[PDB]
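Single chain ahead, by itself, as structure tokens, in the form deposited in one PDB entry.
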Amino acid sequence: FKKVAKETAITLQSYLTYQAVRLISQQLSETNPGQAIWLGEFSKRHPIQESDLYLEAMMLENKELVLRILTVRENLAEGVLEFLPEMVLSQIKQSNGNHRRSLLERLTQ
């Protein structure tokens, strides 16, 4: 399923961008409040959903912060990605079983 895989990987990359930004925001609130609010204001003007454009914009407005975001995103990716295939497949099987059981019990009782 090449198309599905490619679209999912793009989605996953954007989502890990969002997670990296979330972590940095938390850290900034404790160590650099001025930057925490700057990032808050930037995120209101640029949708993180469009992550490539988000990062390219910040490259022009705050290069030091985007480099931190890119470093944190790669560390997150490296740490968490290989957990996902087993977690997601096991979650989906369990969720499929629960819904099939719920369905079977309606039809039968």
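Residues that one form lacks are left out of the comparison. Heads up: residue numbers just count along the shown sequence, starting at 1. If you superpose the two forms and keep the largest set of C-alpha atoms that fall within 1.5 Å, you have the rigid core.
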Quick check on the record: does 73 to 81 or 46 to 54 carry the larger mean Cα temperature factor? 46 to 54
Between the two ranges 5 to 13 and 93 to 101, the one averaging a larger CA B factor in the entry: 93 to 101
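Absent from the display: the form solved in complex with a partner chain. The rest refers to it.
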Is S43 close enough to touch its partner chain in the deposited complex, meaning at least one heavy atom pair within 4.5 Å? yes
Would you check, heavy atoms only and a 4.5 Å threshold, whether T31 touches its partner chain in the deposited complex? no
Please say whether, between this form and the one not shown, the C-alpha of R22 moves by 2 Å or more once the core is aligned. no
My question is whether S102 is one of the residues whose C-alpha shifts by 2 Å or more between this form and the one not shown, given a fit on the rigid core. yes
Superposing on the core, what residue ranges of at least 3 consecutive positions move by 2 angstroms or more in Cα between this form and the one not shown? 97 to 109
